[PDB]
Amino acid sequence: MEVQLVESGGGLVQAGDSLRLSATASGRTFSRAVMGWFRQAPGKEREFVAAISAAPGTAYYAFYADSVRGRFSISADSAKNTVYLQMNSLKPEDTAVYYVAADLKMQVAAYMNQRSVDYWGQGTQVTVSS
């Protein structure tokens, strides 16, 4: 089986800055799953960040965790089987390994429990210094 999920982006930024993550999924996984982002801060379990689900036509439904609401924007492009996370007004508290996630059972973007995730990316470090 070929790798389902591959993240790109990540790196070192300063407080206030923006950084974009993206991830590709195989066509089958992309079309069959609610796609999401998680983050694992130092010493902590991976926590839900945002999710996005396809709706009829060009439509998408998006759902964000309270901690990142407003500051982050999630999006997807089915022509490229890619999901994007644009992070803005980044703070030290946002420092983490960020993971893309796919849940094949969910149909509509909602809070995703990490324990229910079917496929994960390899993780990508984002560091925000004061």
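Residue numbers run from 1 along the displayed sequence.
*Asks:* Which is higher on average in the deposited entry, the C-alpha temperature factors of 64 to 72 or of 27 to 35?
*Replies:* Higher mean C-alpha B-factor in the PDB entry: 27 to 35.
*Asks:* Give the stretch, out of 83 to 91 and 48 to 56, with the larger mean C-alpha temperature factor in the deposited entry.
*Replies:* According to the PDB entry, the answer is 83 to 91.
*Asks:* If you rank every modelled residue in this chain by C-alpha B factor, which third holds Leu19: lowest, middle or highest?
*Replies:* It falls in the bottom third of the chain.
*Asks:* Relative to the other modelled residues in the chain, which third contains the C-alpha temperature factor of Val117: lowest, middle or highest?
*Replies:* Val117: CA B-factor falls in the middle third of its chain.
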